[PDB]
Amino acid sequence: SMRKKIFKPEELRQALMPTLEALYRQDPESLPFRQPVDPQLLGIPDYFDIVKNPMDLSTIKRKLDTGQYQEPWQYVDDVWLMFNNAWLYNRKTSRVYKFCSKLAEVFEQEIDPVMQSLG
């Protein structure tokens, strides 16, 4: 037989939310990622020409809090979208690129045992 695993939204929140919280706890590194990029406010007006699909911690949080992920990989893909956006837009030598790299490191550490537990 073949049975597709079903994940209830609270199941996903309780497993995955802690991994998001681990990123929020990183200070100063998470501060640029805690709200959607506002190009006008930040003085970076080319941002949306380069980044077509914006993502940030508050959006991911919202989606986890309101049951918008069906599968663990959907949550993971949004986290990587947020990081890949920042690695794409910002220069390798920049503060925000280096902050992104630190958050990705923390994320890789936290997510692996969670993915194993979710199966």
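One-based numbering along the sequence shown. Here the rigid core means the biggest group of C-alpha atoms that line up within 1.5 Å when the two forms are laid on top of each other.
Enquirer: Between 6 to 14 and 92 to 100, which has the larger RMS C-alpha deviation from this form in 7 other deposited structures of this protein after core superposition?
Expert: Looking at 6 to 14 versus 92 to 100 in 7 other deposited structures of this protein, the farther one turns out to be 6 to 14.
Enquirer: Between 79 to 87 and 40 to 48, where do the CA atoms move more in 7 other deposited structures of this protein, taking the root mean square over the structures and residues after a core fit?
Expert: When 79 to 87 and 40 to 48 are compared in 7 other deposited structures of this protein, 40 to 48 lies farther out.
Enquirer: Report the stretch with the higher mean CA temperature factor, choosing between 43 to 51 and 30 to 38 on the basis of the entry.
Expert: Taking the mean B-factor of the alpha carbons in each, 43 to 51 is higher.
Enquirer: Between 55 to 63 and 90 to 98, name whichever shows the higher mean Cα B factor according to the PDB entry.
Expert: If you average the C-alpha B-factors of 55 to 63 and of 90 to 98, the larger mean comes out for 90 to 98.
Enquirer: Ordered by C-alpha B-factor within the chain, which third holds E21? Give me lowest, middle or highest, please.
Expert: Answer is lowest: the recorded C-alpha B-factor places it there.
Enquirer: Mind checking which third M115 falls in for C-alpha B-factor across the chain?
Expert: Lowest third of the chain for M115's C-alpha B-factor.
Enquirer: Just say lowest, middle or highest third for the CA B-factor of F83 relative to the other modelled residues in its chain.
Expert: Lowest third - that is where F83 ends up once the chain's C-alpha B-factors are sorted.
Enquirer: Among all modelled residues of this chain, ranked by Cα B factor, put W73 in the bottom, middle or top third, i.e. lowest, middle or highest.
Expert: For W73, whose C-alpha B-factor we compare with every modelled residue in the chain, the answer is the middle third.
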